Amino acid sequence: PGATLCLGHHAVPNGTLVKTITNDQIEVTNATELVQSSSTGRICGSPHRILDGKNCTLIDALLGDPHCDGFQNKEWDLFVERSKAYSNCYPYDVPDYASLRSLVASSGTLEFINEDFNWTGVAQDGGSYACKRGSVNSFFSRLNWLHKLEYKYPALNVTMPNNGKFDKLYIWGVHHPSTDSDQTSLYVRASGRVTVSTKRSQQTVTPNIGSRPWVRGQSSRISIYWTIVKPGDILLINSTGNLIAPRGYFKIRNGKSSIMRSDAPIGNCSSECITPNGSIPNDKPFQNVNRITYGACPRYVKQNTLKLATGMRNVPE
């Protein structure tokens, strides 16, 4: 007689269905998930420098809203802005808010360098009960509210050379008084005009007297503008009234920094990839947690599962 020798392959009782070019569902012995679909629900504080905005937006921290004073000169890899944040200073708006937030976020620092502007002829350090710092009526820490001195406000013509080797970010504003009385009680003339120039550019603003909706005790507003002065260029400031002056500049950087909207708590852990839902592992090539990410992240896709076969076809006995 003799013998019989059979050749064969293994099988498992608990196979998994995968997709191919030909077949939406064919059973294989083993597979691995390629789509990340969970988060811890917390943002890990390592390895990125996470700065929790707390009650402060980035813009409120930049201007120096008093409850944001603790953010002065701070740095971040990722600024986390919280949805409970509140402004609590003079009512303001920022034309092209989104761009200012973006370029400050990208610089990754609120490092502020005080400069000695020559404001002889006007008073300084104006304040408001809408922007309390301790008990004293106050104002944005990084801004200098100029008003009249002995009942005159002379045409200011103030310059500042950039003799350094880096770009300077200047934040300044324009006051829109509620009434003509307040316009003249502050600035004498019935309408002012703020012009900020460099060798390459010019931004001129006119106040619009009139009541806006009531906000934190005030029907009046400030508008926030910004000007970047390159090395060798110069800032020149011209205003016949209503100028909300800079106190100096923010050092503008560029780096790997950004900003994210999230309510996830910051935790003592390490993860390269951050989403608004929390940090996620990046062992898989794709993820379904959020299209918003920061760091070394799996790429966002619509699928909630993609299984890669890691074994042969399963053919049960």
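Residue numbers here begin at 1 and follow the sequence given.
The mean Cα B-factor in the deposited entry runs higher for 5-13 than for the other of 298-306 and 5-13. Checked against the record, the higher mean CA B factor of 89-97 and 154-162 lies with 154-162. For the set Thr109, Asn242, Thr204, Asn118, the PDB entry assigns the largest Cα B-factor to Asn118.
Across the residues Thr275, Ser271, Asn30, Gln36, the deposited record lists the maximum Cα B factor for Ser271. Compared with the other modelled residues of the chain, the Cα B-factor recorded for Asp125 ranks in the middle third. The deposited CA B-factor of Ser258 belongs to the lowest third of values across its chain.
Among the modelled residues of the chain, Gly210 sits in the highest third by CA temperature factor in this PDB entry.
In the deposited entry, the Cα temperature factor of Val104 places it in the middle third of its chain's modelled residues.
When the modelled residues of the chain are ordered by C-alpha B-factor, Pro281 sits in the lowest third.
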